[PDB]
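Below is one structure, written out as structure tokens, with a few remarks after it.
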Amino acid sequence: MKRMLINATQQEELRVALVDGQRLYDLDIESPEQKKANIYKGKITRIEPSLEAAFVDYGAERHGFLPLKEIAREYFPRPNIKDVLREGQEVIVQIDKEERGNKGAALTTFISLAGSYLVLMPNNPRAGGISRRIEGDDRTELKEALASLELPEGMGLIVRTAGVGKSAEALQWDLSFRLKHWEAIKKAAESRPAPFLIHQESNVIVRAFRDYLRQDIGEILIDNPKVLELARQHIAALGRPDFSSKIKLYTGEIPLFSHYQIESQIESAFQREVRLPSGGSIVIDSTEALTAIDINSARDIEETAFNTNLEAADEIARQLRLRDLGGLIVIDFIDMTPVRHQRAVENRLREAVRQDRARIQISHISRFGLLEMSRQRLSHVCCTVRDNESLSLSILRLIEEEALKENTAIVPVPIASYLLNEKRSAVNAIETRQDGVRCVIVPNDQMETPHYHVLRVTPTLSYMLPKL
Ligand SMILES: [Zn+2]
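Following our numbering, the numbering of the sequence shown begins with 28 at its first residue and continues without gaps.
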């Protein structure tokens, strides 16, 4: 049984976890925003032939804006807007653009329902296709897998970027949840006067249900009565009443996430090292430019390397999700001598991320044994520390260099101790060789080993210099 677990006992972190048995395989976290793509029933306040556009009271203290290019044929009893829409005439409206400075919000009757994989436009069939970002090979199957969906005649569809690695049956499951929603949309509207909200475009539960409900999900356990009932409303309004029987209140004293043992794996998304089933590990270091992943073996050399890399490919994949790693990612797989092992390790990472929602690109193992890849984002320092002694002689040589300059040290405590005792001879030797030059070595308890300043040049006291 795969379950969605939702924890909201804590006001400042709403947590959503997809869990297969007890194995965490996805996580979404939302701490304490915009009003766009929201669907309402609005009343036509006033019309203007002057702007070929009308005004719609969808419920905001400001009235929205409905151009003639957005009035659907379904609403008509080139034209003037005076011929199409009457005042007080109800209409199903979606925000096309937010409120800007003054009370301006642009609307459309041409509604769109964006799911995980598909964007249904039940209102105009003149829309549809594969996302522009998809390309030659990645998109090819799609247009085919696209054609095989069962789309009602009067509407058109778009395949999203997340649709790159999904199957025909998985796309079908999306299109249905979209249609179910659209049926709830136009029904919560036929049953009421003007105007009032239907689809909250983006509250977190709407998203979790939008993005995460696959047929394989058995239960949705929510540990908050106040939230659970909002979710029922959210499931019903989200068109799919039936999952309503499968949302169940969590009542156990042991907090939801602790009872399913996931509180620790959630913490693993922070861990730098992650153990692979066969004993090996991946190390995930992040740098300025990119994220780098190294892979060590557990404890046939060719078989071990191969099996370890394959186990890594899987773990990397799920770690890419839990961590929500964005941008450039470089993987140092354990070296493999046969080309096909490389091909086989590659194809996996390909297969392992097929279910991730983000846009992912993966290149081949370079001759150095590196796999460059990238991942679309869905949503520091302390450096070895140089010896005191080694650091001291460094500074000492740096002071001397400053003492030589024509027209001519703030160090951590034990550096100053080392310099002004163990190296007093050399410090003296500088001042005597550089006649007239004062070498002020002030210890500073506000600093430490790593750090210092050698400043080149008042009747100020040595210990009052760090402040100056
Ligand atoms: Zn450090």
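Every residue, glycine too, gets a C-beta built ideally from N, C-alpha and C.
With respect to the C-alpha of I108, the residue from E79, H90 and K130 having the closest C-alpha is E79.
If only complete runs of 4 or more residues are kept, the stretch 412-438 shows the alpha helix (DSSP H) at 415-431, in order along the chain. Contact between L173 and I157 holds: CB atoms are separated by about 7 Å, below the 8 Å threshold.
Relative to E57, the option among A81, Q49 and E39 whose CA is nearest is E39. Here the distance from the Cβ of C410 to the nearest heavy atom of ligand 1 is below 6 Å. Shown here for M28: same chain residues with a beta carbon closer than 6 Å to its own, the five before and five after excluded, namely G245 in chain order. Closest by C-alpha distance to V408, out of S313, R465, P439 and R350, is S313. Here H407 carries a coil assignment [DSSP, helix/strand/coil]. Here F395 is exposed. Its C-beta has fewer than 16 other C-beta atoms within 10 Å. Proximity of the stretch 99-107 to the stretch 228-245 falls short of the contact definition, fewer than three beta-carbon pairs being nearer than 8 Å. Between the alpha carbons of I320 and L51 lies a gap of roughly 21 Å. According to DSSP, residue pairing for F92 in a beta bridge involves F82 and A133.
The C-alpha of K275 lies about 46 Å from the C-alpha of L95. When C-alpha distances from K193 are compared across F223, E217, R241 and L206, the shortest belongs to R241.
Between the stretch 341-361 and the stretch 371-386, the count of Cβ pairs shorter than 8 Å is three or higher; the stretches touch. With 16 or more other Cβ atoms inside 10 Å of its own Cβ, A332 counts as buried. Judged by DSSP in its simplified three-state form, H480 adopts strand. Annotated three-state conformation of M31 is strand, per DSSP. Residue environment: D164 is assigned as exposed (fewer than 16 neighbouring CB atoms within 10 Å of its CB, all protein chains considered). Looking at the DSSP output, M363 shares a beta bridge with no other residue. For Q260, there is no enclosing beta strand (DSSP E); the enclosing alpha helix (DSSP H) covers residues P252 to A264.
In this structure, the C-beta of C409 approaches ligand 1 to less than 6 Å from one of its heavy atoms. When the alpha-carbon of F360 is set against those of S271, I322, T72 and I387, the nearest one is in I322.
Contact check between the stretch 85-92 and the stretch 242-261: fewer than three CB pairs, one atom from each, fall below 8 Å, which does not count as touching. Taking 7 Å as the cut-off, the Cβ atoms of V146 and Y67 do not count as close. For the set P220, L352 and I138, the Cα lying nearest the Cα of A316 is the one of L352. With a 10 Å radius around the Cβ and a threshold of 16 neighbouring Cβ atoms, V467 comes out exposed.
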